[PDB]
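Asker: Sharing work.pdb below, PDB, C-alpha atoms:
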```pdb
ATOM      1  CA  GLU A   2      17.136 -13.167   2.037  1.00  0.00           C
ATOM      2  CA  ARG A   3      18.581  -9.912   0.712  1.00  0.00           C
ATOM      3  CA  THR A   4      16.774 -10.523  -2.575  1.00  0.00           C
ATOM      4  CA  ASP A   5      13.542 -11.234  -0.670  1.00  0.00           C
ATOM      5  CA  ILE A   6      13.870  -7.994   1.280  1.00  0.00           C
ATOM      6  CA  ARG A   7      14.167  -6.127  -2.027  1.00  0.00           C
ATOM      7  CA  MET A   8      11.103  -7.853  -3.489  1.00  0.00           C
ATOM      8  CA  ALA A   9       9.186  -6.997  -0.318  1.00  0.00           C
ATOM      9  CA  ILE A  10      10.086  -3.327  -0.810  1.00  0.00           C
ATOM     10  CA  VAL A  11       8.828  -3.448  -4.357  1.00  0.00           C
ATOM     11  CA  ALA A  12       5.702  -5.301  -3.201  1.00  0.00           C
ATOM     12  CA  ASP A  13       5.019  -2.672  -0.552  1.00  0.00           C
ATOM     13  CA  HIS A  14       5.111   0.123  -3.153  1.00  0.00           C
ATOM     14  CA  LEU A  15       3.042  -1.851  -5.678  1.00  0.00           C
ATOM     15  CA  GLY A  16      -0.274  -2.040  -3.861  1.00  0.00           C
ATOM     16  CA  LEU A  17      -3.230  -2.208  -6.244  1.00  0.00           C
ATOM     17  CA  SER A  18      -0.887  -1.841  -9.210  1.00  0.00           C
ATOM     18  CA  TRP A  19       0.237  -5.424  -8.832  1.00  0.00           C
ATOM     19  CA  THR A  20      -2.635  -6.648 -11.000  1.00  0.00           C
ATOM     20  CA  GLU A  21      -1.566  -4.308 -13.797  1.00  0.00           C
ATOM     21  CA  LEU A  22       2.057  -5.418 -13.420  1.00  0.00           C
ATOM     22  CA  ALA A  23       0.883  -9.020 -13.589  1.00  0.00           C
ATOM     23  CA  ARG A  24      -1.097  -8.308 -16.764  1.00  0.00           C
ATOM     24  CA  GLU A  25       1.830  -6.581 -18.457  1.00  0.00           C
ATOM     25  CA  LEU A  26       3.946  -9.570 -17.397  1.00  0.00           C
ATOM     26  CA  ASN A  27       1.463 -11.702 -19.365  1.00  0.00           C
ATOM     27  CA  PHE A  28      -0.048 -13.489 -16.383  1.00  0.00           C
ATOM     28  CA  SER A  29      -3.595 -14.736 -16.952  1.00  0.00           C
ATOM     29  CA  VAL A  30      -6.704 -13.620 -15.067  1.00  0.00           C
ATOM     30  CA  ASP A  31      -6.790 -17.111 -13.549  1.00  0.00           C
ATOM     31  CA  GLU A  32      -3.252 -16.698 -12.253  1.00  0.00           C
ATOM     32  CA  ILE A  33      -4.133 -13.276 -10.819  1.00  0.00           C
ATOM     33  CA  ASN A  34      -7.356 -14.519  -9.195  1.00  0.00           C
ATOM     34  CA  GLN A  35      -5.368 -17.352  -7.597  1.00  0.00           C
ATOM     35  CA  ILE A  36      -2.779 -15.021  -6.070  1.00  0.00           C
ATOM     36  CA  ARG A  37      -5.628 -12.965  -4.592  1.00  0.00           C
ATOM     37  CA  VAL A  38      -7.407 -16.035  -3.228  1.00  0.00           C
ATOM     38  CA  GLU A  39      -4.200 -17.333  -1.649  1.00  0.00           C
ATOM     39  CA  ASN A  40      -3.443 -13.915  -0.113  1.00  0.00           C
ATOM     40  CA  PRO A  41      -6.901 -12.471   0.672  1.00  0.00           C
ATOM     41  CA  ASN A  42      -6.224  -9.710   3.208  1.00  0.00           C
ATOM     42  CA  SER A  43      -3.029  -8.092   1.929  1.00  0.00           C
ATOM     43  CA  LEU A  44      -2.188  -6.235  -1.271  1.00  0.00           C
ATOM     44  CA  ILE A  45       1.471  -6.421  -0.186  1.00  0.00           C
ATOM     45  CA  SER A  46       1.277 -10.188   0.238  1.00  0.00           C
ATOM     46  CA  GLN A  47      -0.426 -10.337  -3.127  1.00  0.00           C
ATOM     47  CA  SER A  48       2.215  -8.190  -4.852  1.00  0.00           C
ATOM     48  CA  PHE A  49       4.981 -10.172  -3.195  1.00  0.00           C
ATOM     49  CA  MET A  50       3.653 -13.525  -4.424  1.00  0.00           C
ATOM     50  CA  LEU A  51       3.237 -12.102  -7.912  1.00  0.00           C
ATOM     51  CA  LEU A  52       6.953 -11.133  -7.843  1.00  0.00           C
ATOM     52  CA  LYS A  53       7.820 -14.624  -6.570  1.00  0.00           C
ATOM     53  CA  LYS A  54       5.873 -16.354  -9.355  1.00  0.00           C
ATOM     54  CA  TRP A  55       7.470 -14.054 -11.924  1.00  0.00           C
ATOM     55  CA  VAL A  56      10.927 -15.066 -10.703  1.00  0.00           C
ATOM     56  CA  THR A  57      10.013 -18.772 -10.690  1.00  0.00           C
ATOM     57  CA  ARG A  58       8.646 -18.348 -14.199  1.00  0.00           C
ATOM     58  CA  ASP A  59      11.200 -16.157 -16.021  1.00  0.00           C
ATOM     59  CA  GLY A  60      14.262 -16.986 -13.923  1.00  0.00           C
ATOM     60  CA  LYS A  61      17.422 -15.245 -15.134  1.00  0.00           C
ATOM     61  CA  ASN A  62      15.124 -13.190 -17.336  1.00  0.00           C
ATOM     62  CA  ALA A  63      13.385 -11.701 -14.282  1.00  0.00           C
ATOM     63  CA  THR A  64      15.619  -8.628 -14.348  1.00  0.00           C
ATOM     64  CA  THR A  65      15.603  -5.166 -12.795  1.00  0.00           C
ATOM     65  CA  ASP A  66      15.431  -4.003 -16.375  1.00  0.00           C
ATOM     66  CA  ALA A  67      12.432  -6.178 -17.317  1.00  0.00           C
ATOM     67  CA  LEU A  68      10.705  -4.786 -14.246  1.00  0.00           C
ATOM     68  CA  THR A  69      11.383  -1.089 -14.929  1.00  0.00           C
ATOM     69  CA  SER A  70      10.170  -1.520 -18.496  1.00  0.00           C
ATOM     70  CA  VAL A  71       6.765  -2.737 -17.296  1.00  0.00           C
ATOM     71  CA  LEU A  72       6.518  -0.284 -14.389  1.00  0.00           C
ATOM     72  CA  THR A  73       7.242   2.529 -16.865  1.00  0.00           C
ATOM     73  CA  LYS A  74       4.414   1.254 -19.081  1.00  0.00           C
ATOM     74  CA  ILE A  75       1.886   1.274 -16.205  1.00  0.00           C
ATOM     75  CA  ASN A  76       2.971   4.706 -14.904  1.00  0.00           C
ATOM     76  CA  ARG A  77       4.645   3.662 -11.663  1.00  0.00           C
ATOM     77  CA  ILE A  78       7.806   5.697 -12.258  1.00  0.00           C
ATOM     78  CA  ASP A  79       8.128   6.129  -8.503  1.00  0.00           C
ATOM     79  CA  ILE A  80       9.088   2.436  -8.398  1.00  0.00           C
ATOM     80  CA  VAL A  81      11.440   2.752 -11.387  1.00  0.00           C
ATOM     81  CA  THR A  82      13.562   5.376  -9.610  1.00  0.00           C
ATOM     82  CA  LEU A  83      13.582   3.125  -6.557  1.00  0.00           C
ATOM     83  CA  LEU A  84      14.890   0.207  -8.646  1.00  0.00           C
ATOM     84  CA  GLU A  85      17.454   2.439 -10.362  1.00  0.00           C
ATOM     85  CA  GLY A  86      18.468   4.148  -7.118  1.00  0.00           C
ATOM     86  CA  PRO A  87      21.073   3.385  -4.445  1.00  0.00           C
ATOM     87  CA  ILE A  88      18.669   1.328  -2.294  1.00  0.00           C
ATOM     88  CA  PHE A  89      18.671  -1.263  -5.086  1.00  0.00           C
ATOM     89  CA  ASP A  90      22.402  -0.867  -5.754  1.00  0.00           C
ATOM     90  CA  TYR A  91      21.443   0.920  -8.967  1.00  0.00           C
ATOM     91  CA  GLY A  92      19.671  -2.087 -10.429  1.00  0.00           C
ATOM     92  CA  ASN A  93      21.847  -4.844  -8.942  1.00  0.00           C
ATOM     93  CA  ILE A  94      19.812  -6.958  -6.509  1.00  0.00           C
ATOM     94  CA  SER A  95      22.855  -9.192  -6.883  1.00  0.00           C
ATOM     95  CA  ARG A  98      20.522  -7.605 -12.029  1.00  0.00           C
ATOM     96  CA  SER A  99      18.150 -10.572 -11.826  1.00  0.00           C
ATOM     97  CA  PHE A 100      15.916 -11.298  -8.832  1.00  0.00           C
ATOM     98  CA  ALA A 101      16.900 -14.953  -9.318  1.00  0.00           C
TER      99      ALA A 101
END
```
Show this structure as structure tokens.

Answerer:
Amino acid sequence: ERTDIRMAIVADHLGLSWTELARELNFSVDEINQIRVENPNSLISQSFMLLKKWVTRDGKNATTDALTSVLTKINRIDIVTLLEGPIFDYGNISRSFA
């Protein structure tokens, strides 16, 4: 539940960026379309389910560090500082979101 709360926070900040995060995470346009179809009225819902699929997919490799690398690439540094800051125990959700 704690880990879910943290993903929700990320998802809230993501907004429209989630599709760019997904792309950088090497998700396909089909996978992105599907997330949007399954979560039609909420960018936050969409971003949250992207984060969930990422964790299901990459498991132990779904790390705070993997995330900040991509978020840096797509110019969402505001989320990087969040992930590196005290609210995220300085990168320790418990380092992986799994």

Asker: List as a list in words the protein and nucleic acid residues near residue 43 in chain A, meaning an atom at most 12 Å away when only C-alpha atoms are counted, but skip any in the same chain fewer than 2 places from it.

Answerer: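 That gives residues 12, 13, 15, 16, 17, 19, 36, 37, 38, 39, 40, 41, 45, 46, 47, 48, 49 and 50 of chain A.
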
Asker: Please measure the separation of CA of residue 31 in chain A and CA of residue 44 in chain A, giving the value in Å to one decimal.

Answerer: 17.0 Å

Asker: Residues picked by the PyMOL selection byres ((chain A and resi 55-63) around 8) here, as a count of residues only?

Answerer: 12

Asker: Could you tell me how far CA of residue 30 in chain A sits from CA of residue 98 in chain A, in Å to one decimal place?

Answerer: 28.0 Å

Asker: Quick one, how far is CA of residue 35 in chain A from CA of residue 94 in chain A?

Answerer: 27.3 Å

Asker: Nearest to residue 27 in chain A among A:66, A:11, A:85, A:71, with distances taken over all atoms listed in the file: which residue is it?

Answerer: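 That would be A:71, the residue with the smallest distance to residue 27 in chain A.
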
Asker: Which neighbours of residue 25 in chain A fall inside 9 Å, counting only C-alpha atoms, when residues of the same chain fewer than 6 positions from it are skipped, and could you give them as a PDB file with C-alpha atoms, keeping the file's coordinate frame?

Answerer:
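Once everything was written out, this is out-v5.pdb:
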```pdb
ATOM      1  CA  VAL A  71       6.765  -2.737 -17.296  1.00  0.00           C
ATOM      2  CA  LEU A  72       6.518  -0.284 -14.389  1.00  0.00           C
ATOM      3  CA  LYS A  74       4.414   1.254 -19.081  1.00  0.00           C
ATOM      4  CA  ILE A  75       1.886   1.274 -16.205  1.00  0.00           C
TER       5      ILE A  75
END
```

Asker: Go ahead and fit an axis-aligned box to every listed atom of range 52-65 of chain A plus 8 Å each side, and pass me the centre and edge lengths in Å, one decimal, as AutoDock Vina command-line options.

Answerer:
```
--center_x 11.6 --center_y -12.0 --center_z -12.0 --size_x 27.5 --size_y 29.6 --size_z 26.8
```

Asker: Go through A:95, A:79, A:20, A:89 and flag the residue nearest residue 7 in chain A, using all atoms listed in the file for the distances.

Answerer: A:89

Asker: Using all atoms listed in the file, find the one residue out of A:93, A:34, A:22, A:88 that sits nearest to residue 70 in chain A.

Answerer: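 When distances to residue 70 in chain A are compared using all atoms listed in the file, the smallest one comes from A:22.
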
Asker: Compile the contact shell of residue 82 in chain A as an mmCIF file with C-alpha atoms, keeping the file's coordinate frame: residues with an atom at most 10 Å away, counting only C-alpha atoms, same-chain residues fewer than 5 positions apart removed.

Answerer:
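Output contents, as saved in selection00.cif:
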```cif
data_model
loop_
_atom_site.group_PDB
_atom_site.id
_atom_site.type_symbol
_atom_site.label_atom_id
_atom_site.label_comp_id
_atom_site.auth_asym_id
_atom_site.auth_seq_id
_atom_site.Cartn_x
_atom_site.Cartn_y
_atom_site.Cartn_z
ATOM 1 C CA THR A 69 11.383 -1.089 -14.929
ATOM 2 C CA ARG A 77 4.645 3.662 -11.663
ATOM 3 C CA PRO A 87 21.073 3.385 -4.445
ATOM 4 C CA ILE A 88 18.669 1.328 -2.294
ATOM 5 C CA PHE A 89 18.671 -1.263 -5.086
ATOM 6 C CA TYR A 91 21.443 0.920 -8.967
ATOM 7 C CA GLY A 92 19.671 -2.087 -10.429
#
```

Asker: With N, CA and C atoms as the target, complete range 28-52 of chain A and hand it back as a compact mmCIF listing (two decimals), in the frame of the given file.

Answerer:
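This is the output file out-v9.txt:
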```txt
# COMPACT_ATOMS: atom_id res chain seq x y z
N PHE A 28 0.64 -12.53 -17.23
CA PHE A 28 -0.05 -13.49 -16.38
C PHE A 28 -1.54 -13.46 -16.70
N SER A 29 -2.19 -14.61 -16.59
CA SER A 29 -3.60 -14.74 -16.95
C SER A 29 -4.49 -14.30 -15.80
N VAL A 30 -5.75 -14.00 -16.11
CA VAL A 30 -6.70 -13.62 -15.07
C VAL A 30 -6.85 -14.75 -14.03
N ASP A 31 -6.75 -15.99 -14.48
CA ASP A 31 -6.79 -17.11 -13.55
C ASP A 31 -5.61 -17.05 -12.58
N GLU A 32 -4.43 -16.79 -13.11
CA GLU A 32 -3.25 -16.70 -12.25
C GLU A 32 -3.40 -15.55 -11.26
N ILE A 33 -3.92 -14.42 -11.71
CA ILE A 33 -4.13 -13.28 -10.82
C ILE A 33 -5.17 -13.59 -9.73
N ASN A 34 -6.31 -14.13 -10.14
CA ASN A 34 -7.36 -14.52 -9.20
C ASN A 34 -6.79 -15.41 -8.10
N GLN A 35 -5.96 -16.37 -8.50
CA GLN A 35 -5.37 -17.35 -7.60
C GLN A 35 -4.48 -16.67 -6.55
N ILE A 36 -3.63 -15.76 -6.99
CA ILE A 36 -2.78 -15.02 -6.07
C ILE A 36 -3.63 -14.31 -5.03
N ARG A 37 -4.72 -13.70 -5.48
CA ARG A 37 -5.63 -12.96 -4.59
C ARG A 37 -6.34 -13.90 -3.60
N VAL A 38 -6.80 -15.04 -4.10
CA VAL A 38 -7.41 -16.04 -3.23
C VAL A 38 -6.43 -16.55 -2.17
N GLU A 39 -5.19 -16.80 -2.57
CA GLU A 39 -4.20 -17.33 -1.65
C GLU A 39 -3.69 -16.28 -0.66
N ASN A 40 -3.94 -15.01 -0.95
CA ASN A 40 -3.44 -13.92 -0.11
C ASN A 40 -4.49 -12.83 0.13
N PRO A 41 -5.63 -13.21 0.71
CA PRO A 41 -6.90 -12.47 0.67
C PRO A 41 -6.88 -11.10 1.34
N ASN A 42 -6.12 -10.93 2.41
CA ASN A 42 -6.22 -9.71 3.21
C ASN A 42 -5.10 -8.69 3.01
N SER A 43 -4.19 -8.95 2.08
CA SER A 43 -3.03 -8.09 1.93
C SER A 43 -2.64 -7.88 0.48
N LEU A 44 -2.71 -6.63 0.03
CA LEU A 44 -2.19 -6.24 -1.27
C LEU A 44 -0.68 -6.44 -1.35
N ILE A 45 0.02 -6.22 -0.23
CA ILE A 45 1.47 -6.42 -0.19
C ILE A 45 1.82 -7.89 -0.34
N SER A 46 1.12 -8.75 0.40
CA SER A 46 1.28 -10.19 0.24
C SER A 46 1.01 -10.57 -1.20
N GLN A 47 -0.03 -9.99 -1.77
CA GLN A 47 -0.43 -10.34 -3.13
C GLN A 47 0.68 -9.96 -4.10
N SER A 48 1.18 -8.73 -3.97
CA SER A 48 2.22 -8.19 -4.85
C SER A 48 3.50 -8.99 -4.69
N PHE A 49 3.77 -9.42 -3.47
CA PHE A 49 4.98 -10.17 -3.20
C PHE A 49 4.93 -11.54 -3.88
N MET A 50 3.77 -12.19 -3.85
CA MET A 50 3.65 -13.52 -4.42
C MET A 50 3.63 -13.46 -5.95
N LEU A 51 3.11 -12.37 -6.49
CA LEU A 51 3.24 -12.10 -7.91
C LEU A 51 4.73 -12.05 -8.31
N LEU A 52 5.51 -11.26 -7.58
CA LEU A 52 6.95 -11.13 -7.84
C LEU A 52 7.68 -12.48 -7.72
```
